[PDB]
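Pasted below: start.cif, mmCIF, C-alpha atoms.
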data_entry
#
loop_
_atom_site.group_PDB
_atom_site.id
_atom_site.type_symbol
_atom_site.label_atom_id
_atom_site.label_comp_id
_atom_site.auth_asym_id
_atom_site.auth_seq_id
_atom_site.Cartn_x
_atom_site.Cartn_y
_atom_site.Cartn_z
ATOM 1 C CA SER A 2 0.000 0.000 0.000
ATOM 2 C CA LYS A 3 2.676 2.480 -1.097
ATOM 3 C CA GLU A 4 2.659 4.621 -4.228
ATOM 4 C CA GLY A 5 5.888 4.359 -6.174
ATOM 5 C CA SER A 6 7.452 7.828 -6.071
ATOM 6 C CA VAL A 7 10.788 9.367 -6.985
ATOM 7 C CA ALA A 8 13.405 11.041 -4.868
ATOM 8 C CA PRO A 9 12.348 14.618 -4.000
ATOM 9 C CA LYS A 10 14.217 17.457 -5.644
ATOM 10 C CA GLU A 11 14.167 21.022 -7.074
ATOM 11 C CA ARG A 12 12.292 19.519 -9.905
ATOM 12 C CA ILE A 13 8.643 18.911 -9.310
ATOM 13 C CA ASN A 14 7.400 15.562 -8.034
ATOM 14 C CA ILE A 15 3.943 14.636 -9.306
ATOM 15 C CA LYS A 16 2.334 11.620 -7.635
ATOM 16 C CA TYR A 17 -1.185 10.142 -7.852
ATOM 17 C CA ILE A 18 -3.022 9.348 -4.612
ATOM 18 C CA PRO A 19 -6.848 9.488 -4.753
ATOM 19 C CA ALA A 20 -8.582 11.638 -2.195
ATOM 20 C CA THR A 21 -11.103 10.982 0.548
ATOM 21 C CA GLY A 22 -13.931 12.893 -1.088
ATOM 22 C CA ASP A 23 -16.541 15.410 0.030
ATOM 23 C CA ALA A 24 -20.113 14.121 0.260
ATOM 24 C CA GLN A 25 -22.041 16.940 2.041
ATOM 25 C CA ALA A 26 -24.959 14.624 2.882
ATOM 26 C CA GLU A 27 -27.966 15.694 0.865
ATOM 27 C CA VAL A 28 -31.321 16.604 2.377
ATOM 28 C CA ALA A 29 -34.310 14.393 1.570
ATOM 29 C CA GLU A 30 -37.674 15.211 3.152
ATOM 30 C CA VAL A 31 -39.429 11.889 2.776
ATOM 31 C CA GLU A 32 -43.173 12.043 3.257
ATOM 32 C CA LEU A 33 -45.527 10.116 5.504
ATOM 33 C CA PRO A 34 -47.327 7.184 3.906
ATOM 34 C CA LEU A 35 -50.981 6.749 4.806
ATOM 35 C CA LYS A 36 -50.524 3.872 7.247
ATOM 36 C CA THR A 37 -53.658 2.044 8.347
ATOM 37 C CA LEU A 38 -53.950 -0.525 11.103
ATOM 38 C CA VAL A 39 -56.368 -3.320 10.252
ATOM 39 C CA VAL A 40 -57.501 -4.705 13.597
ATOM 40 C CA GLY A 41 -59.721 -7.730 14.080
ATOM 41 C CA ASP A 42 -59.935 -11.468 14.645
ATOM 42 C CA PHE A 43 -57.612 -13.108 12.128
ATOM 43 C CA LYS A 44 -57.087 -16.591 13.615
ATOM 44 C CA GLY A 45 -59.278 -19.263 15.136
ATOM 45 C CA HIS A 46 -58.668 -18.794 18.860
ATOM 46 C CA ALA A 47 -57.816 -16.243 21.548
ATOM 47 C CA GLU A 48 -54.096 -15.832 22.200
ATOM 48 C CA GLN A 49 -52.982 -16.031 25.820
ATOM 49 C CA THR A 50 -50.406 -13.231 25.605
ATOM 50 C CA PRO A 51 -51.659 -9.783 26.687
ATOM 51 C CA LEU A 52 -52.107 -7.116 24.078
ATOM 52 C CA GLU A 53 -49.139 -4.904 24.990
ATOM 53 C CA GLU A 54 -46.598 -7.613 24.059
ATOM 54 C CA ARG A 55 -47.878 -8.987 20.758
ATOM 55 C CA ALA A 56 -46.751 -7.357 17.547
ATOM 56 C CA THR A 57 -48.147 -5.820 14.369
ATOM 57 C CA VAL A 58 -47.012 -7.259 11.043
ATOM 58 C CA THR A 59 -46.674 -5.198 7.862
ATOM 59 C CA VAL A 60 -48.315 -6.691 4.761
ATOM 60 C CA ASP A 61 -47.949 -5.676 1.169
ATOM 61 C CA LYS A 62 -48.666 -7.511 -2.092
ATOM 62 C CA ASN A 63 -45.294 -9.247 -2.194
ATOM 63 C CA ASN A 64 -45.224 -10.605 1.365
ATOM 64 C CA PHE A 65 -48.857 -11.610 1.794
ATOM 65 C CA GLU A 66 -47.966 -15.244 1.088
ATOM 66 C CA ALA A 67 -45.343 -15.157 3.863
ATOM 67 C CA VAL A 68 -47.577 -13.477 6.449
ATOM 68 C CA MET A 69 -50.251 -16.108 5.836
ATOM 69 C CA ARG A 70 -47.764 -18.975 6.151
ATOM 70 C CA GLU A 71 -46.205 -17.791 9.423
ATOM 71 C CA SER A 72 -49.565 -17.128 11.060
ATOM 72 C CA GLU A 73 -50.330 -20.889 11.116
ATOM 73 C CA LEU A 74 -54.077 -20.578 10.659
ATOM 74 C CA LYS A 75 -55.023 -24.019 12.011
ATOM 75 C CA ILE A 76 -58.793 -24.470 11.808
ATOM 76 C CA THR A 77 -59.948 -27.550 13.745
ATOM 77 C CA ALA A 78 -63.709 -28.082 13.818
ATOM 78 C CA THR A 79 -66.276 -30.870 13.792
ATOM 79 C CA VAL A 80 -68.429 -30.825 10.659
ATOM 80 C CA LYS A 81 -71.212 -33.033 9.333
ATOM 81 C CA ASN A 82 -70.385 -36.381 7.726
ATOM 82 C CA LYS A 83 -72.023 -36.663 4.298
ATOM 83 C CA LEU A 84 -69.768 -39.440 2.959
ATOM 84 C CA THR A 85 -72.061 -42.295 4.066
ATOM 85 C CA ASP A 86 -75.767 -43.076 4.536
ATOM 86 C CA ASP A 87 -75.773 -41.632 8.083
ATOM 87 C CA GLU A 88 -77.445 -38.281 8.721
ATOM 88 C CA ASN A 89 -76.435 -38.102 12.407
ATOM 89 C CA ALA A 90 -72.710 -38.683 11.801
ATOM 90 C CA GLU A 91 -69.992 -36.089 12.369
ATOM 91 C CA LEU A 92 -66.415 -35.896 11.166
ATOM 92 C CA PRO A 93 -63.735 -33.537 12.529
ATOM 93 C CA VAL A 94 -61.102 -32.132 10.179
ATOM 94 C CA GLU A 95 -57.539 -30.821 10.442
ATOM 95 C CA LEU A 96 -56.511 -27.840 8.318
ATOM 96 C CA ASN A 97 -53.101 -26.242 7.752
ATOM 97 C CA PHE A 98 -53.102 -23.107 5.591
ATOM 98 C CA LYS A 99 -49.917 -21.735 4.044
ATOM 99 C CA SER A 100 -51.074 -19.998 0.840
ATOM 100 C CA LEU A 101 -54.171 -18.339 -0.599
ATOM 101 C CA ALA A 102 -54.740 -21.479 -2.708
ATOM 102 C CA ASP A 103 -55.197 -23.467 0.519
ATOM 103 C CA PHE A 104 -58.711 -22.041 0.802
ATOM 104 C CA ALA A 105 -59.540 -23.780 -2.491
ATOM 105 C CA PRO A 106 -61.135 -27.272 -2.368
ATOM 106 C CA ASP A 107 -58.101 -28.796 -4.105
ATOM 107 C CA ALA A 108 -55.997 -28.184 -0.988
ATOM 108 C CA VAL A 109 -58.783 -28.488 1.598
ATOM 109 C CA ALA A 110 -59.726 -31.982 0.425
ATOM 110 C CA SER A 111 -56.022 -32.876 0.197
ATOM 111 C CA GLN A 112 -55.708 -32.164 3.932
ATOM 112 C CA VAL A 113 -58.715 -34.359 4.777
ATOM 113 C CA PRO A 114 -57.657 -38.053 4.684
ATOM 114 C CA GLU A 115 -61.246 -39.181 4.063
ATOM 115 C CA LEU A 116 -61.150 -37.100 0.865
ATOM 116 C CA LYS A 117 -57.613 -38.085 -0.147
ATOM 117 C CA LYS A 118 -59.009 -41.524 -1.022
ATOM 118 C CA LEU A 119 -61.873 -40.032 -3.050
ATOM 119 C CA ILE A 120 -59.711 -37.843 -5.291
ATOM 120 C CA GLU A 121 -57.428 -40.875 -5.678
ATOM 121 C CA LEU A 122 -60.588 -42.784 -6.569
ATOM 122 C CA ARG A 123 -61.386 -40.196 -9.252
ATOM 123 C CA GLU A 124 -57.793 -40.088 -10.541
ATOM 124 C CA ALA A 125 -58.024 -43.870 -10.934
ATOM 125 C CA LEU A 126 -61.265 -43.425 -12.918
ATOM 126 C CA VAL A 127 -59.928 -40.674 -15.202
ATOM 127 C CA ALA A 128 -56.970 -42.985 -15.908
ATOM 128 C CA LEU A 129 -59.398 -45.723 -16.967
ATOM 129 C CA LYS A 130 -61.424 -43.659 -19.470
ATOM 130 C CA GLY A 131 -58.502 -43.104 -21.865
ATOM 131 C CA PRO A 132 -57.629 -46.727 -22.696
ATOM 132 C CA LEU A 133 -61.243 -47.859 -22.132
ATOM 133 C CA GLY A 134 -63.031 -47.154 -25.418
ATOM 134 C CA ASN A 135 -59.934 -47.499 -27.603
ATOM 135 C CA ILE A 136 -59.409 -51.270 -27.246
ATOM 136 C CA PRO A 137 -62.702 -53.184 -27.733
ATOM 137 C CA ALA A 138 -61.257 -56.332 -26.098
ATOM 138 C CA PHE A 139 -61.961 -55.007 -22.587
ATOM 139 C CA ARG A 140 -65.643 -55.998 -22.728
ATOM 140 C CA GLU A 141 -64.604 -59.446 -23.987
ATOM 141 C CA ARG A 142 -62.943 -60.105 -20.621
ATOM 142 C CA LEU A 143 -65.694 -58.426 -18.604
ATOM 143 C CA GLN A 144 -67.783 -61.449 -19.585
ATOM 144 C CA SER A 145 -64.847 -63.659 -18.584
ATOM 145 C CA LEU A 146 -64.901 -61.943 -15.193
ATOM 146 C CA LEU A 147 -68.653 -62.562 -15.332
ATOM 147 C CA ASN A 148 -67.797 -66.239 -15.867
ATOM 148 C CA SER A 149 -64.800 -66.483 -13.501
ATOM 149 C CA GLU A 150 -66.405 -65.194 -10.306
ATOM 150 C CA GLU A 151 -64.107 -67.053 -7.889
ATOM 151 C CA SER A 152 -60.762 -65.739 -9.158
ATOM 152 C CA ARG A 153 -62.151 -62.203 -9.524
ATOM 153 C CA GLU A 154 -63.109 -61.772 -5.859
ATOM 154 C CA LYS A 155 -59.739 -63.149 -4.723
ATOM 155 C CA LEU A 156 -58.022 -60.315 -6.618
ATOM 156 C CA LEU A 157 -60.332 -57.508 -5.451
ATOM 157 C CA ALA A 158 -59.045 -57.856 -1.877
ATOM 158 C CA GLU A 159 -55.461 -57.339 -3.090
ATOM 159 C CA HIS B 85 9.067 -22.235 -38.355
ATOM 160 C CA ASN B 86 11.989 -22.626 -35.931
ATOM 161 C CA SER B 87 11.831 -21.600 -32.272
ATOM 162 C CA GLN B 88 14.827 -19.295 -32.710
ATOM 163 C CA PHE B 89 13.571 -17.888 -36.015
ATOM 164 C CA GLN B 90 9.821 -17.537 -35.425
ATOM 165 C CA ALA B 91 10.143 -16.044 -31.931
ATOM 166 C CA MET B 92 12.595 -13.540 -33.424
ATOM 167 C CA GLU B 93 10.328 -12.973 -36.418
ATOM 168 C CA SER B 94 7.126 -12.290 -34.465
ATOM 169 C CA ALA B 95 9.033 -9.980 -32.116
ATOM 170 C CA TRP B 96 10.296 -7.986 -35.116
ATOM 171 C CA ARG B 97 7.614 -8.150 -37.818
ATOM 172 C CA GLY B 98 5.121 -7.331 -35.068
ATOM 173 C CA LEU B 99 7.094 -4.139 -34.563
ATOM 174 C CA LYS B 100 6.486 -3.328 -38.238
ATOM 175 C CA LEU B 101 2.761 -3.672 -37.545
ATOM 176 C CA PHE B 102 3.294 -1.068 -34.828
ATOM 177 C CA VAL B 103 5.307 1.197 -37.138
ATOM 178 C CA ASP B 104 3.043 0.996 -40.205
ATOM 179 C CA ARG B 105 -0.219 1.801 -38.404
ATOM 180 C CA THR B 106 0.881 4.688 -36.177
ATOM 181 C CA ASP B 107 1.042 8.020 -37.984
ATOM 182 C CA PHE B 108 4.463 9.457 -37.155
ATOM 183 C CA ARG B 109 3.515 12.752 -38.791
ATOM 184 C CA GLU B 110 0.904 13.289 -36.054
ATOM 185 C CA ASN B 111 3.455 13.771 -33.228
ATOM 186 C CA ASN B 112 4.413 10.198 -32.371
ATOM 187 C CA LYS B 113 7.767 8.602 -31.623
ATOM 188 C CA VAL B 114 8.677 5.127 -30.420
ATOM 189 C CA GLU B 115 11.857 3.977 -28.707
ATOM 190 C CA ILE B 116 13.238 0.465 -29.184
ATOM 191 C CA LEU B 117 15.090 -1.204 -26.315
ATOM 192 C CA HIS B 118 16.918 -4.533 -26.618
ATOM 193 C CA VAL B 119 16.583 -6.433 -23.374
ATOM 194 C CA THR B 120 15.834 -10.034 -22.717
ATOM 195 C CA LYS B 121 13.153 -11.033 -20.243
ATOM 196 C CA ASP B 122 15.590 -12.926 -18.025
ATOM 197 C CA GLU B 123 18.018 -9.996 -18.083
ATOM 198 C CA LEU B 124 15.391 -7.519 -16.928
ATOM 199 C CA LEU B 125 14.584 -9.146 -13.583
ATOM 200 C CA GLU B 126 18.330 -9.452 -12.952
ATOM 201 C CA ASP B 127 18.593 -5.719 -13.659
ATOM 202 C CA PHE B 128 15.992 -5.074 -10.968
ATOM 203 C CA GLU B 129 17.979 -7.431 -8.751
ATOM 204 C CA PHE B 130 21.015 -5.338 -9.775
ATOM 205 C CA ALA B 131 19.996 -2.133 -8.014
ATOM 206 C CA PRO B 132 18.959 -2.027 -4.334
ATOM 207 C CA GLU B 133 16.073 0.305 -5.212
ATOM 208 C CA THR B 134 13.866 0.604 -8.304
ATOM 209 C CA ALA B 135 14.828 4.304 -8.435
ATOM 210 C CA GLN B 136 18.411 3.302 -9.303
ATOM 211 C CA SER B 137 17.731 0.505 -11.806
ATOM 212 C CA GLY B 138 18.888 0.328 -15.401
ATOM 213 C CA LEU B 139 15.372 0.273 -16.800
ATOM 214 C CA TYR B 140 14.572 3.298 -14.619
ATOM 215 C CA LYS B 141 17.277 5.131 -16.550
ATOM 216 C CA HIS B 142 15.572 4.557 -19.897
ATOM 217 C CA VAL B 143 11.947 4.968 -18.807
ATOM 218 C CA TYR B 144 12.236 7.875 -16.373
ATOM 219 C CA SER B 145 15.511 9.748 -16.591
ATOM 220 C CA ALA B 146 16.399 9.605 -20.284
ATOM 221 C CA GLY B 147 12.816 10.539 -21.140
ATOM 222 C CA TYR B 148 10.447 12.049 -18.609
ATOM 223 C CA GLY B 149 13.015 13.046 -15.996
ATOM 224 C CA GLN B 150 14.953 15.233 -18.413
ATOM 225 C CA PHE B 151 14.905 18.920 -19.266
ATOM 226 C CA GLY B 152 13.319 19.165 -22.699
ATOM 227 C CA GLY B 153 13.273 15.421 -23.286
ATOM 228 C CA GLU B 154 10.106 13.820 -24.565
ATOM 229 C CA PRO B 155 8.370 11.801 -21.831
ATOM 230 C CA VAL B 156 7.273 8.181 -21.993
ATOM 231 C CA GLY B 157 3.622 7.378 -22.605
ATOM 232 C CA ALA B 158 3.586 3.600 -22.212
ATOM 233 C CA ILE B 159 5.895 0.588 -22.088
ATOM 234 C CA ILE B 160 5.159 -2.218 -24.538
ATOM 235 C CA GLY B 161 6.170 -5.493 -22.949
ATOM 236 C CA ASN B 162 6.997 -8.037 -25.656
ATOM 237 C CA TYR B 163 6.836 -10.789 -23.064
ATOM 238 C CA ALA B 164 4.959 -13.970 -22.176
ATOM 239 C CA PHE B 165 4.140 -13.837 -18.481
ATOM 240 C CA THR B 166 3.842 -16.853 -16.206
ATOM 241 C CA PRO B 167 2.306 -16.655 -12.723
ATOM 242 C CA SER B 168 5.585 -17.817 -11.185
ATOM 243 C CA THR B 169 7.818 -15.913 -8.758
ATOM 244 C CA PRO B 170 10.326 -14.660 -11.425
ATOM 245 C CA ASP B 171 7.349 -13.033 -13.215
ATOM 246 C CA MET B 172 5.463 -11.660 -10.225
ATOM 247 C CA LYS B 173 8.691 -10.144 -8.930
ATOM 248 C CA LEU B 174 9.133 -8.413 -12.283
ATOM 249 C CA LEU B 175 5.631 -6.936 -12.315
ATOM 250 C CA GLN B 176 6.026 -5.763 -8.732
ATOM 251 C CA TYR B 177 9.109 -3.918 -9.988
ATOM 252 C CA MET B 178 7.233 -2.680 -13.061
ATOM 253 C CA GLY B 179 4.238 -1.360 -11.163
ATOM 254 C CA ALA B 180 6.622 0.655 -9.014
ATOM 255 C CA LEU B 181 8.423 1.840 -12.144
ATOM 256 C CA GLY B 182 5.099 2.712 -13.766
ATOM 257 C CA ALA B 183 4.080 4.746 -10.736
ATOM 258 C CA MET B 184 7.225 6.863 -10.927
ATOM 259 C CA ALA B 185 7.295 7.762 -14.628
ATOM 260 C CA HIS B 186 3.462 7.786 -14.954
ATOM 261 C CA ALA B 187 3.436 5.244 -17.737
ATOM 262 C CA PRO B 188 1.546 1.939 -17.627
ATOM 263 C CA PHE B 189 3.422 -1.210 -18.595
ATOM 264 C CA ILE B 190 1.408 -3.169 -21.164
ATOM 265 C CA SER B 191 2.379 -6.781 -21.867
ATOM 266 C CA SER B 192 0.614 -10.121 -22.196
ATOM 267 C CA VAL B 193 0.002 -13.296 -20.256
ATOM 268 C CA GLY B 194 0.752 -16.651 -21.814
ATOM 269 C CA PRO B 195 -1.224 -19.851 -22.283
ATOM 270 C CA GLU B 196 0.480 -21.306 -19.207
ATOM 271 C CA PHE B 197 -0.783 -18.341 -17.179
ATOM 272 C CA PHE B 198 -4.284 -19.788 -17.309
ATOM 273 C CA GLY B 199 -2.935 -23.323 -16.843
ATOM 274 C CA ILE B 200 -3.885 -24.832 -20.193
ATOM 275 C CA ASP B 201 -0.440 -25.372 -21.890
ATOM 276 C CA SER B 202 -2.072 -25.107 -25.356
ATOM 277 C CA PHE B 203 -4.094 -22.051 -26.101
ATOM 278 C CA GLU B 204 -7.109 -23.016 -28.235
ATOM 279 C CA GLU B 205 -8.854 -24.674 -25.252
ATOM 280 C CA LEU B 206 -9.669 -21.357 -23.579
ATOM 281 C CA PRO B 207 -13.486 -21.244 -24.212
ATOM 282 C CA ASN B 208 -13.646 -24.760 -22.755
ATOM 283 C CA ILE B 209 -12.978 -23.144 -19.352
ATOM 284 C CA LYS B 210 -16.366 -23.198 -17.651
ATOM 285 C CA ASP B 211 -15.422 -21.236 -14.512
ATOM 286 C CA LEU B 212 -12.504 -18.808 -14.737
ATOM 287 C CA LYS B 213 -13.321 -17.007 -11.482
ATOM 288 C CA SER B 214 -12.435 -20.082 -9.426
ATOM 289 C CA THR B 215 -9.201 -20.600 -11.371
ATOM 290 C CA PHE B 216 -7.806 -17.288 -10.110
ATOM 291 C CA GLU B 217 -8.663 -18.110 -6.463
ATOM 292 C CA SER B 218 -6.039 -20.963 -6.463
ATOM 293 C CA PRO B 219 -2.987 -20.993 -4.156
#
Represent the structure from my file as structure tokens, please.
Amino acid sequence: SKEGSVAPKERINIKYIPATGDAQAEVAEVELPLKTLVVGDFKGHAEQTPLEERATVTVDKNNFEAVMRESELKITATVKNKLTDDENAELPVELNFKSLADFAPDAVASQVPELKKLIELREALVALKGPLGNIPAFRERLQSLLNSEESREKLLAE
Amino acid sequence: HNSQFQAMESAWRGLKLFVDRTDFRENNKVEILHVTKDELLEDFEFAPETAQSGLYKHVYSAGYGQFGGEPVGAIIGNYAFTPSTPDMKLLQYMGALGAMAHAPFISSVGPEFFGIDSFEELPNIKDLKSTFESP
């Protein structure tokens, strides 16, 4: 960290060392944004901490998916069971919401294990419809399964 | 195509490419110094200080450090630099010479500087930033 210089003399000795600079820190009167405080019940319980210790979170369009994920909106309730022939049956659920698409029935039914087997039932039926009507030899062996009733029921349990 | 002929043809016909392009009528001159690259580091080992070297006499004092003499704009290095100690000791003694006479020393690195030993495999290098952070 030393500039190469010459021996000093009656001749003039130019050297290059860059200087510290003068900033003179510029004024900037920033203005006040119209800040609102949305207050109200945003989760499914009553928090045990008193009000003077809990915090306010700032939400804009870019971080709304992160504020919703870190809230852990866990909605646990007992709802009516309409998956069988019982009218007086009930079925509690367990919900974990991390995005705005978790309100949609694609992700609500995916978090209910009684509905994970019904979408998997439908996905197995959409898979059937493609190769069903293309090969006309499927109905030829439906009558063979109509004939072979013993070996068919042994394979349905598997 | 001999190593004594071609290295002494490129170092001399390449000067003619520097003489033919530059317009000497438009206030330009060029000095020609015969050193060898192994002699020059010995000449910086010769003097105890870079301000008493033999190359300092031709860059600074015979040119710039002279009443009425024309000063030196830049030093063309007709060299092939390695990253070894006899070529980082030279450039340490050419950066200090270039900071005294105010003239940058321009030269070139070789194929072996990048560690390829044959030059046409340079675009095959997929990360050149990590090559320079080697011990």
So that I can see what lies close to residue 178 in chain B, please list as a PyMOL selection string the residues with an atom at most 12 Å from it, counting all atoms listed in the file and leaving out residues fewer than 3 positions away in the same chain. (chain A and resi 5) or (chain B and resi 124-125+127-128+134-135+137+139-140+143+158-161+171-175+181-191)
Provide as a PDB file with C-alpha atoms, in the coordinates of the input the residues of chain A at most 7 Å from chain B, counting all atoms listed in the file.
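That gives us selection-v5.pdb:
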ATOM      1  CA  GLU A   4       2.659   4.621  -4.228  1.00  0.00           C
ATOM      2  CA  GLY A   5       5.888   4.359  -6.174  1.00  0.00           C
ATOM      3  CA  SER A   6       7.452   7.828  -6.071  1.00  0.00           C
ATOM      4  CA  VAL A   7      10.788   9.367  -6.985  1.00  0.00           C
TER       5      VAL A   7
END
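Closest approach to residue 118 in chain B among B:142, B:85, B:164, B:213: B:142, based on all atoms listed in the file.
Here CA of residue 75 in chain A stands at a distance of 5.2 Å from CA of residue 97 in chain A.
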I'd like the residues picked by the PyMOL selection byres ((chain A and resi 52-59) around 10) written out as a ChimeraX atom specification, using the chain letters and numbers from the file. /A:36,38-40,48-51,60-61,64-65,68
Report as JSON, numbers by chain all protein, DNA and RNA residues lying within 12 Å of residue 110 in chain A, evaluated on all atoms listed in the file, omitting residues in the same chain fewer than 5 positions from it. {"A": [94, 95, 96, 97, 103, 104, 105, 115, 116, 117, 118, 119, 120, 121]}
Any chance you could export the current selection's C-alpha atoms as a JSON list (two decimals), in the frame of the given file?
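Okay, out.json is ready:
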[["chain", "number", "residue", "atom", "x", "y", "z"],
["A", 94, "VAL", "CA", -61.10, -32.13, 10.18],
["A", 95, "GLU", "CA", -57.54, -30.82, 10.44],
["A", 96, "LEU", "CA", -56.51, -27.84, 8.32],
["A", 97, "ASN", "CA", -53.10, -26.24, 7.75],
["A", 103, "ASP", "CA", -55.20, -23.47, 0.52],
["A", 104, "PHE", "CA", -58.71, -22.04, 0.80],
["A", 105, "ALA", "CA", -59.54, -23.78, -2.49],
["A", 115, "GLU", "CA", -61.25, -39.18, 4.06],
["A", 116, "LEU", "CA", -61.15, -37.10, 0.86],
["A", 117, "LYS", "CA", -57.61, -38.08, -0.15],
["A", 118, "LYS", "CA", -59.01, -41.52, -1.02],
["A", 119, "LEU", "CA", -61.87, -40.03, -3.05],
["A", 120, "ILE", "CA", -59.71, -37.84, -5.29],
["A", 121, "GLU", "CA", -57.43, -40.88, -5.68]]
Run the PyMOL selection byres ((chain B and resi 198-206) around 12) mentally over the shown coordinates, then write out the matched residues as a VMD selection string, using the chain letters and numbers from the document. chain B and resid 164 to 168 192 to 197 207 to 218
Quick one: axis-aligned box around all listed atoms of range 189-206 of chain B, 4 Å on every side, centre and edge lengths in Å to one decimal, written as JSON.
{"center_x": -3.1, "center_y": -13.3, "center_z": -22.5, "size_x": 21.1, "size_y": 32.2, "size_z": 19.4}
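The smallest atom-to-atom distance between residue 43 in chain A and any of A:25, A:14, A:90, A:73, using only C-alpha atoms, is found for A:73.
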Carefully work through the PyMOL selection byres ((chain B and resi 95) around 12) for this structure and note down the residues it includes, as number ranges by chain. B: 87-94, 96-102, 116, 118, 120, 160-164
